[PDB]
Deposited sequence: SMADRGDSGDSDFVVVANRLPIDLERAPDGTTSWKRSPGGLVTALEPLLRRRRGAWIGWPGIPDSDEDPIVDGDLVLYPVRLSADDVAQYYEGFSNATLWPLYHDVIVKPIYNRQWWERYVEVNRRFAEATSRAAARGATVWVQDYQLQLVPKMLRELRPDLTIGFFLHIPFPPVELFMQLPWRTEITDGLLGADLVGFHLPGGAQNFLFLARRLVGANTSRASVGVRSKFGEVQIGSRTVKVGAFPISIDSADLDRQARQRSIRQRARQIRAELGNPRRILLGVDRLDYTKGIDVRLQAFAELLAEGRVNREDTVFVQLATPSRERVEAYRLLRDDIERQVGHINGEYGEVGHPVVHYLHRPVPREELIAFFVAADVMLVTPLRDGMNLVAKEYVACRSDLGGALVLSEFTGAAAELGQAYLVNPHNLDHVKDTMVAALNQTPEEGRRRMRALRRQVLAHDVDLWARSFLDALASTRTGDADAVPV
């Protein structure tokens, strides 16, 4: 019946493609828990039409979920990325409502639930991850009412006015309510969920504000209670802090500045390419600052590192076209031959190279239109043990709830985005250090370990 007493369910297995374990991430965050539990991980291995035979990793048992390329297209590229993703992110792009996508999403979700049941021992603890798998908790509780089930959403949970658009709004809500604990990064998501529970499902809920890792909400579902909480994700702050101190990284950061023609100021953007990330906004702000002579085109350069994402989704292709136009435009207007003012890469950057960029950057531009947390904001902070740099951060990130000492911006307020970029570029050394010290105190004290433990303690208490 499966001999795992702790099970993680996520769209992907924690491996890279023969194959090896992916570095960092949740799987590393859960390392010391797997040392005391019989742990399993359920997910798609990332290859189409694979076996579903369990793979032993010593520390982990991997249960591959079989998906065809067609399953992936309709469940993932379709329903997950082109229905749920834009809807949950404040419909920045118009969601597509497609019944064939929904039906595949249901099937695939069931397949994940079945795989989980195979792995899970009696009374096992299950942690379901993220928006692609919102039906699993209910499906799992129906197959296996003995299980303790947690669910955490890594993206925002939208306001009810928007969520209601979903023709399958009730099925998704019922899906989440199959969990013992439903967690979000922010109290706002939790409160939206409680309100949805009363409005759409008619369940009795708690009415108080939801705290951070405390003051939990409750939804009554017949005989049982669903716990609702906010657990803001973070990074392995100490590890990144240590990694950024390496001599090789610091020398690379110096070499990067030399390769850029030794600018006095470097702005940096690091993003998975997504319309949620507000890359177009920072480029527009930068172009207008150059037009206004408020940024010196001779000693200031912007580096944007976009890692490719969701190429088969038309909205992402269109966003890529817009950004790339902006890059060519800005350089043609304000650059010189042999000296761009914008450097842009559309590719995955090796982790040590990326860290060197964090170390090199005088201003980190993290300006999403809407983002669940955004780890890049926290990664930059963790890397600046030298206390240099400046973080310009959108209010519409979960990170802005913790990183209040950054230069916060409303990305829709372009005038203030521009004022703020100038302010960050021209800050005094002391003021820069004051902010970075405060940000680091936060990020170092609130790491992924605290997050993981807080969620699992909450989940454990529902027993």
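Comparing the deposited sequence with the modelled residues, the stretches lacking C-alpha coordinates are 1 to 7, 25 to 32, 479 to 487.
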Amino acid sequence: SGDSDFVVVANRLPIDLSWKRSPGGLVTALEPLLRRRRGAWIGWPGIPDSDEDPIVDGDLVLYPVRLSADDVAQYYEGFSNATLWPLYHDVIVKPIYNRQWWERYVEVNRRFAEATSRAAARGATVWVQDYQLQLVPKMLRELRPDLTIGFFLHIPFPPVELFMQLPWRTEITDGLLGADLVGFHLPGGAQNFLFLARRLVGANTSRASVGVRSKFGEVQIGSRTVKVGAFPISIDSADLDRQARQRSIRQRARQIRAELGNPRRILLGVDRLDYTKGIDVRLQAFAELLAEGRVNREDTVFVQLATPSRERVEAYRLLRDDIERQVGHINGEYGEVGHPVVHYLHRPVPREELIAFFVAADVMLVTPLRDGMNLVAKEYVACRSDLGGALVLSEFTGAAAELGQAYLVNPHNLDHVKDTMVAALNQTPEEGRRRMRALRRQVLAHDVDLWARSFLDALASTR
From here on, numbers count along this sequence of modelled residues.
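Rigid core: the largest C-alpha set superposing within 1.5 Å between the two forms.
When the other structures are laid on the shown form by the core, the C-alphas of 6 to 14 and 20 to 28 differ in how far they drift in 6 other deposited structures of this protein; the larger average drift belongs to 20 to 28.
Root mean square Cα distance to the shown form, taken over structures and residues in 6 other deposited structures of this protein after a core fit, is higher for 39 to 47 when 416 to 424 and 39 to 47 are compared. Relative to one another, 1 to 9 and 453 to 461 have unequal mean CA B-factors, and 1 to 9 is the one with the higher figure. Judged by mean Cα B factor in the deposited record, 140 to 148 ranks above the other of 77 to 85 and 140 to 148. Reading the B-factor column for the CA atoms of 399, 55, 409, 436 in the entry, the top value corresponds to 55. For the set 221, 390, 279, 235, the PDB entry puts the maximum C-alpha B factor at 221. The deposited CA B-factor of residue 37 belongs to the highest third of values across its chain.
Split the chain's modelled residues into thirds by C-alpha temperature factor. Residue 423 is in the middle one. Per the PDB record, residue ranking by Cα B-factor puts residue 71 in the highest third of the chain. The deposited CA B-factor of residue 353 belongs to the middle third of values across its chain.
In the PDB entry, a CA B factor belonging to the middle third of its chain's modelled residues is recorded for residue 187.
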